[PDB]
Number of protein chains: 2
Amino acid sequence: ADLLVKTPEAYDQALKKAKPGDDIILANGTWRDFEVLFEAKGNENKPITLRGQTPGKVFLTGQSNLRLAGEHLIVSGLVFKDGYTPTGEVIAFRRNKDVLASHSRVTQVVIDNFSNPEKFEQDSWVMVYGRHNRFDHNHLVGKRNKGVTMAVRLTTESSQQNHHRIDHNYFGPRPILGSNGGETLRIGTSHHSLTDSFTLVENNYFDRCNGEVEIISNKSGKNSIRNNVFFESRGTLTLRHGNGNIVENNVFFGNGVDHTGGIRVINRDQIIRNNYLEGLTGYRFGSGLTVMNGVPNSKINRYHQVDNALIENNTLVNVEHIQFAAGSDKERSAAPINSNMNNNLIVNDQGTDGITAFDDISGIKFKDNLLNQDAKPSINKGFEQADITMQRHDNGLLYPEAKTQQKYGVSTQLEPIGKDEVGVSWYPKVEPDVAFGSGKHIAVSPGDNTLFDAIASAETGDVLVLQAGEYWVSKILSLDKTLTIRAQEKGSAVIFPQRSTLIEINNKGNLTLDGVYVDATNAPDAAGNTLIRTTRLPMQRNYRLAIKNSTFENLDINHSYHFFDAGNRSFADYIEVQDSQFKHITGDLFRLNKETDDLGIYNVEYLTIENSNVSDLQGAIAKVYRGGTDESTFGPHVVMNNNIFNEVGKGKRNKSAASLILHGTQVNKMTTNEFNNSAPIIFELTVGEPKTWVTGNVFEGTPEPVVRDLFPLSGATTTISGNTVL
Amino acid sequence: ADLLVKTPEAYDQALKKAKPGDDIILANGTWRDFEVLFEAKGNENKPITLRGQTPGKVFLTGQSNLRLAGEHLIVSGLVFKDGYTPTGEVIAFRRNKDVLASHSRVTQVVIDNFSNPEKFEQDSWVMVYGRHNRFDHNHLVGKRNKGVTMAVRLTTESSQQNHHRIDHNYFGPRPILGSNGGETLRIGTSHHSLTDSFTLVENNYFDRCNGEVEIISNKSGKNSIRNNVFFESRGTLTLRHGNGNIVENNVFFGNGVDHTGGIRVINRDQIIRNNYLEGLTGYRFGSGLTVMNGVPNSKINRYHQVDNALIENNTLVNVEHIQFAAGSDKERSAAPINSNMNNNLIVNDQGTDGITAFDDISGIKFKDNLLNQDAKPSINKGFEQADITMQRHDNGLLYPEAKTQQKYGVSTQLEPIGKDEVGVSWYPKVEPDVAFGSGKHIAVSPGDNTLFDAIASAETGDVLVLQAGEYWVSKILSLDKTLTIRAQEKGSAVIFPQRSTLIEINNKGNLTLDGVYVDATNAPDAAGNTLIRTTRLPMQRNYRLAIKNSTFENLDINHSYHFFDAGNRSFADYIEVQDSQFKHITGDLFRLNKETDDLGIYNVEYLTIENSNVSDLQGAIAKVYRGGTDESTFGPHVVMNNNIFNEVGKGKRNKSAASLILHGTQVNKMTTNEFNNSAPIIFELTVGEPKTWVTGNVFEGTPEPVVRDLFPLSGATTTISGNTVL
Ligand SMILES: [Ca+2]
Ligand SMILES: [Ca+2]
């Protein structure tokens, strides 16, 4: 029988009355601050259902969440949005640790940007306990904060050997977290990784799941991860802890996007068969295919030696890196043993087979692997070369034209699940970001509060075109949308800040400055001004900052006048500076070093400064810091080319005594710059074999770059040469 | 004519029609977001008035402010609360730089906790410009953020030689700012300090104005500060810059409150006569009476030599410090010259006249000063001692009994203005802090978010009484009120956090824990947990934290598990730990070191740990930091006595390698502690002549204290002796 309810108390009363076969129906509307405890006992033949009256019209908002407890329950047709769970989880298959749900199903529910307001206040969106549950045809998009999106817990035997089924879900875009802990799916935990979970993960679509290196983090035994599609996801399927898992029939469409992986093999008895991998650009732990070194006598949460891996009938097309014994170093000294790699197909048009061995690989026996003839084989025995031309079948996958070559690599009967065969038909799959300049153009004129008003009434994506003249700014310009501020004619729009901050970047703010001119002469006569900064409230969301063709002068009325000051726990997807000039600044240029608690957190993924000019800066061009020993991320990337830096970094308040100090940055490229009469470049290299190239620069009146290796010799690939010193 | 008005548009119409002698009347109610520009032109005999219908029933809230412009205006009967100014000032005697107000009056207006949301976003509450303006019978209380409460500006000749009158105002309690910039009243600035202001500050009441070392900051010429009362104010009347000022007929009741000053003499031609000073405990620049050294050939904003000071007929009763040549060092090398101190009366029951000379004082001539015979004199000529009994007249002031002695000190005819003769009768003068345990007692039972529920529904000042049993906490406990959490029976109420934070202290939160037991075994297995912390959003006001008779154990499920984590720009009025136990904690105990930009800002006024036990703490007991060279504040104070510390501070993630790392702390007292098998105490002493006492401790298996001096050797009184080192 159907039990329509319109209030939480009516819900309570319906739940008390509900019998096997009944449906409790949440009436269409917005249910705010509704902590749902669905605790009942259905029947194998007659489940008890909680569902929205009209899927897509029942919203659970504010501090709402859902707990299932009992057995034979079904929950469907709900949307969580405009809020965040006040507990540890949005959806949990338990009341608490002693009262679980089993034989229960959550299907056709949406969680859409239901994120905690602080990125590093951790929660999870779905937590599975108990046994024989199902989580299917759901739609999870936009988790911005630390904490896996979905996990299977194994904390007691009652939650082990679960045979849980996770299928046909849309795992929509998840942006970069900026530390470890951004997984989309975690099965188990290191503590319980030697127990058998038997979890089935099939026919899900992972669409730009970019939280961190692990898209899926398998951390238990004897799971089956099969028939999933990974589209442009900036990470990997990692067999992290736990043994005896099967990774099969999965499809990875990297499309050449940066840092796309990958199947990563660690531990024992793994089977990696019949997987299709295309256009994957990642390396090291984010490679298209990775077989790691382990630690002898590893602790339960470190790295266990690869032993009896089986890697067969996989197809790898334009996979840039296949890495064996990856992570090899003084700790991870146990190379792979008793393993086998057979009947795979590697087609690469980049001239190489993409293979790199980092240690002895004689414990992997290679047999009957096929390579295209133009790809220099890195390994002789076990690889044969042939004239291969690939053509795409109807199932969207590439196969050798020759039928005889189809005994290598992936089966022809694969049928990748599509983006529109997953999730719910009644909730759209949408683009996560607003593009710069995707809106309309608004003419703005001088000269008092005119910029404050134009920003406030513009719409996201708009472009403000400032006419020539003077823009006096008596009120902070707080940006909570995507906006471009463009001078109609470069250098003809002059912006005069009169407050301690000119521009503040809030949640949802992203900023492009193009051709503007800023004279900070009239800023308040106080130390510690900051021309541009994020909000100082911990942000919920990443931001983008682009600076082009612009000039910034006279940030020097008092000391410690910084150009850009990142808020604690803030994260820029990128900061890009092109063709811009900076002169007379007492503070730092970019302060990207706030996370000094060494938990692997950092402030910027890509810092790029090219073709620019900086003169008379007391502080550093950039201070960027990522501390600790985490190997779960790919950034910061710091790229600086073709700049001229004069009299930079020597102020008595610059404790770094550097023009540039880079701690824990993973990719460093400094090329064709001039460092004239300035403080040195200083590298503080950490774990994860960072890559540094400092070539073609002039250091006139500037000391040579300083390298401090905090992990001798752990160890980085550091190329510093081809530079003129004085 | 009366122009009663109910909306801003009606006000605008009424303003256009107002003629000399008219009253524009804001109707009773709440005017939110009202930026009042009161610009009109009365005559000397018929002013134009803006006033509330019923004083006490007209409120300006939100982003409201007031600007007077023109002449012969009066504004009265308004309350600013529940908001903050969107400009630089709440009330400004100008429209803008070029359009001032003269011959105008602001009287009987209240500003009640109208502070910016963020303490270090600077504003001011009252700015006076022009000439012949009056600010009387107003009521200003609770400004929390950086920026002087009220200042007279002298930016152009039009605002100089003003003869402004500031009288009969209630300058109510102002909490400690935690940096420079917390003045209650400023007359001028350094740039204009050589111009004459002629401002009259008389018959005002300063009730616990504790913003910083300067209650009044005189920064201009020929002003008169007379007949004011300073009640338990944590600061001083400073003649900061500027010459020829008269400080006269003022009364200081310190009542023995900590860091009560004081008249501070700097610069030339000052007259300090007939002031009464009682019970003042301050020292150095916050002394009861200070005559500073100056800087030879000083910059305009530094310190000008005391030249031709006249100090006579003042009474000083139990003033612990009278200091001559205060601040003498290598920079401040110019001792007072051409000065005279005559006919003062010093009565002190502590054994001494309280005088200290820090340099040559032959530039001060003394004659006919009287001191009680029991007080050992520091100076011979110009002083005599005698038998004195003080008796308190009806004016509240002490006078010698022997009529012959009444030629020393203050006149018997002084009439100190009373707290209830100042401000307005229709608005109450209140206590600023909710006292712990002033509400009701509330019984709480075990155990599933019962603590969460009891906190949400309690009222400020209440006491929660925890019955025996287990308190599981699956939601963060957010404290936005004053609250005590007491175990019914010490030790039978056990609190089990399940989130990475147990207690979050928000704006208006203040917390006492008494007899509680916290077992953090079940916290999330994640690094960087924090049992107690402020909100990480920048706070609006200070907080208090008291921990008594409590036990905290097993903060060790992962690394960097901190007991208490201060947010950026947060400030504790105090943190006090008594008779409590802390064991098995991987992080730091108290993280009070967030303000590393060296602007003089800090996180705690008083940190006190006594009679407590800390065992197996990987991090430091406390990291407290105050950076830079500011001398405008009194804290931090760090007091630790009679504790037992076993195995503290030797963790590999404690970069300080200290059990205690104290930088820029001004008062340090560690006595009768046991430090067993622990990392050392480390001092990093800064400017301001800090006082450090480390005596009577046992350092067994612990290095003896390390002293690093940043400014060798400009003061610092460091006594480390009588410790046992095994
Ligand atoms: Ca991970
Ligand atoms: Ca001051």
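Lettering of chains follows the sequences in order, A, B, ..., and the numbering in each one begins at 1. When a ligand or atom number is given, it counts from 1 through the structure's own listing order.
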### Task
Just the protein N/O/S atoms under 3.0 Å from the Ca ion (ligand 2), please, no waters.
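Correct list: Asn180(B) ND2, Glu183(B) OE2, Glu212(B) OE1, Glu212(B) OE2, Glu214(B) OE1.
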
### Query
Step by step, would you call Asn245(B) with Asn218(B) a side-chain hydrogen bond (donor to acceptor under 3.5 Å, both in side chains)?
CA-CA 9 Å; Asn245(B) 301 277; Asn218(B) 189 79; 3.0 Å; yes

### Electrostatic pair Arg569(A)-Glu595(A), nearest N-O below 4.0 angstrom
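Yes, charged N to carboxylate O under 4.0 Å.
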
### Message
List the residues meeting salt bridge (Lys or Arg N to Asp or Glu O under 4.0 Å) with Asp573(A), not counting sequence neighbours, and say none if there are none.
### Response
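In terms of salt bridge (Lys or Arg N to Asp or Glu O under 4.0 Å), with neighbours along the sequence ignored, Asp573(A) is linked to no residue.
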
#### Entry: Sidechain-backbone polar pair: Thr260(A) side chain, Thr281(A) backbone, donor-acceptor under 3.5 Å
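Yes.
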
With a 3.5 Å cut-off and sequence neighbours excluded, list the donor-acceptor pairs that the side chains of residues 187-195 of chain B form with protein atoms.
{"residue": "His192(B)", "atom": "NE2", "partner": "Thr155(B)", "partner atom": "O", "Å": "3.3"}
{"residue": "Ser193(B)", "atom": "OG", "partner": "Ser190(B)", "partner atom": "O", "Å": "2.7"}
{"residue": "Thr195(B)", "atom": "OG1", "partner": "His192(B)", "partner atom": "O", "Å": "3.0"}

### Task
List in chain and number order the residues that pass side chain to side chain donor-acceptor pair (under 3.5 Å) with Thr665(B), two or more places apart in sequence or in another chain; answer none if no residue qualifies.
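In terms of side chain to side chain donor-acceptor pair (under 3.5 Å), with neighbours along the sequence ignored, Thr665(B) is linked to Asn668(B).
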
